[PDB]
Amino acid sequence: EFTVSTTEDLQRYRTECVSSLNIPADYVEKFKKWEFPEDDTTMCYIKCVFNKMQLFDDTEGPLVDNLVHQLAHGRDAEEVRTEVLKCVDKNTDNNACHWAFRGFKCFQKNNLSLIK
């Protein structure tokens, strides 16, 4: 049973991902200011966060219904689903880090935030 992540849930997941991926201090300061370089360090960090939020599976990819519940923030569920589906694609370059990051960049482009 999926449940929406709070701001506190997300802060914890980011902390856990920084620790478990041994993310260097300079990347943590970039992420804090919503700067996400297009390197494997950043891409695997985003995958880790999305994994913990149950928004992404390394084999199945983006978890569409879970994403709609998380990202809607009081918007129309059908409108948000249409937006999410436009950002959902196949694992064409066989890389779950690249895959999760691509979706994230698409969500950002379309002003879909994890927290309002």
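For clarity, a rigid core is taken as the largest C-alpha set superposing within 1.5 Å between two forms. One rule holds for the numbers: they count along the sequence shown, beginning at 1.
Enquirer: Would you mind working out which of 54-62 and 34-42 sits farther from this form in 6 other deposited structures of this protein by RMS C-alpha distance, with the rigid core as the fit?
Expert: Most displaced of the pair in 6 other deposited structures of this protein: 34-42.
Enquirer: Do you reckon 4-12 or 106-114 strays further from the shown form in 6 other deposited structures of this protein, measuring C-alpha RMS after a core fit?
Expert: Between 4-12 and 106-114, the one lying farther away in 6 other deposited structures of this protein is 106-114.
Enquirer: If you average the CA temperature factors as listed in the entry, which stretch comes out higher, 25-33 or 41-49?
Expert: Taking the mean B-factor of the alpha carbons in each, 25-33 is higher.
Enquirer: Mean CA temperature factor from the deposited coordinates, higher in 12-20 or in 104-112?
Expert: For C-alpha atoms only, the mean B-factor is higher in 104-112.
Enquirer: Comparing against every modelled residue in the chain, figure out the third that the C-alpha B-factor of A72 lands in (lowest, middle or highest).
Expert: Tercile = highest for this residue's CA B-factor.
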